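Just follow the structure's listing: the first ligand is 1, and inside any ligand the first atom is 1. As a basis for the values below, the full set of heavy atoms in this structure was taken, side chains included, without hydrogen atoms, waters or symmetry mates. In what follows, residues are counted from 1 in the order of the sequence shown.
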Amino acid sequence: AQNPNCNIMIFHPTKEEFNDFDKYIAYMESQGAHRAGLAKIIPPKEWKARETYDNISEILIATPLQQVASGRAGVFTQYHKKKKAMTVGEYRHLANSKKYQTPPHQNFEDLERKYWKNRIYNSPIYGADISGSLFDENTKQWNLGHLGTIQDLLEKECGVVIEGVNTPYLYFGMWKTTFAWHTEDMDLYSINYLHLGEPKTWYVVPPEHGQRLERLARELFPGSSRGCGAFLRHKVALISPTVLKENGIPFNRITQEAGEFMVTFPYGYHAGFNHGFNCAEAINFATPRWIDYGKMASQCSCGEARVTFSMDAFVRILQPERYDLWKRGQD
Ligand SMILES: O=C(O)CNC(=O)C(=O)O
Ligand SMILES: [Mg+2]
Ligand code: NI
Ligand SMILES: [Zn+2]
């Protein structure tokens, strides 16, 4: 078995190997990459996502989210308070203000310590889930706006034709902005490109150990657990590395820098934070190996997680028994 300790793997494809996306994903899995839940891909030196970022300030962040925490430093939830619209130029200036900027630090490890110690005492503002793309249309390789669609993968594997579309999303972050512990909708893959700015640190639990994380989360968030049988789908809960180590949960960590891709694999729980002002682009995708995960994926039916038009069809075809109750949650 390849990668039996489930370590995060890092890949350095040549420009020749960067032509065929599906084939490279399948290569990475042949080496065991999926067992970690997360992989890093460093693009060939010849490749670029676009020529410059010099004209991005006029993108609108229509609903910036202020991430307010409750709990203790290592075990907290966050809620998203909606703020007034602002441009990317306005958001970048805010991120660089004395109130919100990255503190002085020695290295990534000192900054990680400061994040876990101090996150709960601040409320950083995140521009999340903004439909759009920063890839130039002439970028032919690993362009996240030109991938094969999940609807087309389901049709190719299963023969069924379904409604829905699959498009990327932009994320504009600042120091302390946080992504809670989650897997993807319908336990899909995701791919994330860090276009610009400061790094993003990731934590991940191997898929084969995801249920260990769920059991710990039911213990740490007991009221949430009684309210919903899949409450990590709400994307609100944070658990520190120290707490995960104290409770014996297997995990790994890695820092992504500008210019690098990350891939999350089906049922790979992940969480993390941004080090300063940055812009990432991400999209879900599928392969043949995903289909069985999609059939088994948990769902939120309490009604909090409230998800896309396209997830309807996935539930309807892969989880017909759940269909009914899940659409009661989404209506
Ligand atoms: O970058 C972020 O805030 C969160 N992204 C993801 O969870 C991902 O790409 O799967
Ligand atoms: Mg602009
Ligand atoms: Ni994710
Ligand atoms: Zn729920």
Side-chain angles (χ1 to χ4, degrees), residues 8 36-41 50 52-62 64-65 67 78 80 85-92 95 115 119 124-130 132-134 136 142 144 147 150 166-205 207 210 213 232-238 254-258 260-286 290 293 297 305 307-308 311:
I8 298 169
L38 183 70
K40 177 178 289 192
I41 308 94
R50 65 181 299 111
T52 75
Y53 293 86
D54 280 339
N55 296 100
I56 71 166
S57 306
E58 317 305 306
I59 299 168
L60 196 67
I61 309 173
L65 306 178
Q67 303 188 294
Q78 57 186 14
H80 290 163
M86 76 181 85
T87 65
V88 166
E90 289 165 333
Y91 181 87
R92 180 178 60 230
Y115 173 83
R119 161 67 186 89
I125 297 166
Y126 211 169
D129 292 313
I130 297 162
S133 186
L134 287 174
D136 183 315
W142 287 57
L144 299 190
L147 299 183
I150 297 155
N166 179 198
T167 54
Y169 295 91
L170 303 175
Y171 299 84
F172 290 96
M174 68 171 56
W175 168 235
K176 287 173 177 171
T177 54
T178 302
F179 53 109
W181 279 108
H182 71 284
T183 63
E184 306 301 306
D185 288 347
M186 216 74 180
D187 297 341
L188 282 158
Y189 296 70
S190 62
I191 182 167
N192 182 300
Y193 182 69
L194 191 52
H195 280 281
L196 66 93
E198 306 309 314
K200 190 189 293 287
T201 291
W202 300 67
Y203 305 91
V204 59
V205 173
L213 182 68
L232 297 176
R233 307 264 169 217
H234 311 167
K235 308 193 306 193
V236 299
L238 282 297
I254 193 169
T255 304
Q256 175 189 25
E257 301 186 69
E260 303 178 341
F261 289 92
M262 311 294 299
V263 164
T264 82
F265 293 86
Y267 195 65
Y269 275 106
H270 55 282
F273 61 92
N274 293 304
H275 291 205
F277 173 70
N278 63 20
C279 174
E281 180 168 343
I283 197 178
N284 297 116
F285 74 91
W290 167 73
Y293 291 85
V307 308
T308 190
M311 222 194 101

So, for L188 and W290, which heavy atoms are closest and what is the spacing to 0.1 Å?
CD2-CE2, 3.4 Å

Nearest heavy atoms of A282 and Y171, plus distance in Å:
CB-CE1, 4.0 Å

Which residue and heavy atom of the protein sit nearest [atom], plus the separation:
| atom | value |
| --- | --- |
| atom 6 (C) of ligand 1 | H270 NE2, 4.0 Å |
| atom 9 (O) of ligand 1 | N192 ND2, 3.0 Å |
| atom 3 (O) of ligand 1 | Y126 OH, 2.5 Å |

Would you say the side chains of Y189 and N284 form a donor-acceptor pair under 3.5 Å?
no

If you measure every N/O of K200 against every N/O of ligand 1, is any gap under 3.5 Å?
yes

Report yes if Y171 has an N/O atom closer than 3.5 Å to an N/O atom of ligand 1; otherwise report no.
no

Going by the atom numbers of ligand 1, which of them fall below 4.0 Å from some non-hydrogen atom of [X]?
| X | answer |
| --- | --- |
| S190 | 8 (C), 9 (O), 10 (O) |
| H182 | 7 (O) |
| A282 | 9 (O) |

With side chain to side chain donor-acceptor pair (under 3.5 Å) as the criterion, how do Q67 and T177 come out once you've worked through the C-alpha distance, each side chain's angles and the decisive distance to 0.1 Å?
CA-CA 7 Å; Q67 303 188 294; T177 54; 5.0 Å; no

Run the side chain to side chain donor-acceptor pair (under 3.5 Å) check on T87 and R92 step by step: do they pass?
CA-CA 9 Å; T87 65; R92 180 178 60 230; over 6 Å; no

Side chain to side chain donor-acceptor pair (under 3.5 Å) with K40: which of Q256, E260, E257?
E260

Can a non-hydrogen atom of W202 be found less than 4.0 Å from any atom of ligand 1?
yes

Under 4.0 Å, counting heavy atoms only: does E184 come that close to any atom of ligand 1?
yes

Per ring pair (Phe, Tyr, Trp, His ring centres under 6.0 Å), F273 is matched among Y126, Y115, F179 by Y115

Aromatic rings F261 and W142: how do their planes relate, parallel, tilted or perpendicular, breaks at 30° and 60°?
perpendicular

The N/O/S atom of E58 lying closest to the Mg ion (ligand 2) is N

The atom name of the N, O or S atom in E184 nearest to the Ni ion (ligand 3) is OE2

